């Protein structure tokens, strides 16, 4: 049936020492609250209600999911008060799932089990048994059935012995929720409005509350400071690394691999230590990635070998390309089949053709380079005049002597050769040798300072 989600993110993240709202701090390259929103949508949420207290401008800039209904909670008078701010927007005939904006690892599988356990006209509750339940809501039961929740501060010493605690996540019909929310009072230890009081209220009406537990404790851990965020980051990376290994991707050290986005891949891919994958990356079959590489929003074809310490962003490599070590590909870098880029070579908005090579100490920017081309060490395409950028065109079968400067815009015809140390300011004819050289001379018995 129909279901909407409410995410409470209006608390204050004091122990973060940040000018950025807590729920906006990232985990795996994505805002913590975005992880929660993705979970809600992945579960099938019709609407996602986001309850916030401040940093609204920043939140709105960062969060732009279409089905987001922004709900203000000016004063943080408790989770109960927060839900009251969203309640008017709940549909009487839909389920309402409540989540926290700072509990990023909640899994859709567990939420789905929770939805399934929710009884008609009742409440589905997510609980966990902890060795030390200190500080959390205690689940009370009567003849095995959940009858309420007692907050740590309000709980007696004996009640504090209860180890089954409230994760905070629960689900119930919207009309029922409105009914219970209207009856909340702040006559308790904290002097706030407890969303947890709706459990006793439902039980009193004869409705049943059923509790289900998460697969892992990490799923329901909340983040209040950077150290906690750090730990969840590791858990997330570890689980992703493990899935990749089980899916056939060889990671030389799963503890030294970070994925911050999406990784699409073929068979027999090998990834060495300390590699970082960002944004959306596609890897063909047998791609080998050497240690320390950083690859972002790029496409890498079959059989490519990316040598150590290579940085790649918004690049496209055809099959059998070899780049690095110490290569740097920037947006627009394109390599055709079998192309090669060596050490200390940078490419930006440049295309290197089939079997073409740029082995060293080179800059290729705003260029189109043909097939079977050899770019000597030290070559530079001078694409910028201080105000505009210009294109360099190199036809097939060209041999560029080392330390050549190509002053764009310029075109080098097919089959040409450019002598070492040339400054190319004009088009070069096909099968011609371009040169601008001073004959070597010599001064005898030269004494250095």
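Residue numbers count along the first chain shown, from 1.
Averaged over CA atoms, B-factors in the entry run higher in 384 to 392 than in the other of 384 to 392 and 399 to 407. Mean C-alpha B-factor is higher over 122 to 130 than over the other stretch, the pair under comparison being 297 to 305 and 122 to 130. The PDB entry assigns its highest CA temperature factor, among 236, 363, 326, 90, to 90. Taking the deposited Cα B-factors for 103, 367, 172, 232, the highest one is held by 172. Residue-level temperature factors show residue 96 in the middle third of its chain, judged at the C-alpha atom. Among the modelled residues of the chain, residue 177 sits in the highest third by CA temperature factor in this PDB entry. Ranked by C-alpha B-factor against the other modelled residues of its chain, residue 12 falls in the highest third. Sort the chain's modelled residues by C-alpha temperature factor and residue 318 lands in the middle third, per the entry. Among all modelled residues in this chain, the alpha-carbon of residue 34 has a temperature factor (C-alpha) in the lowest third.
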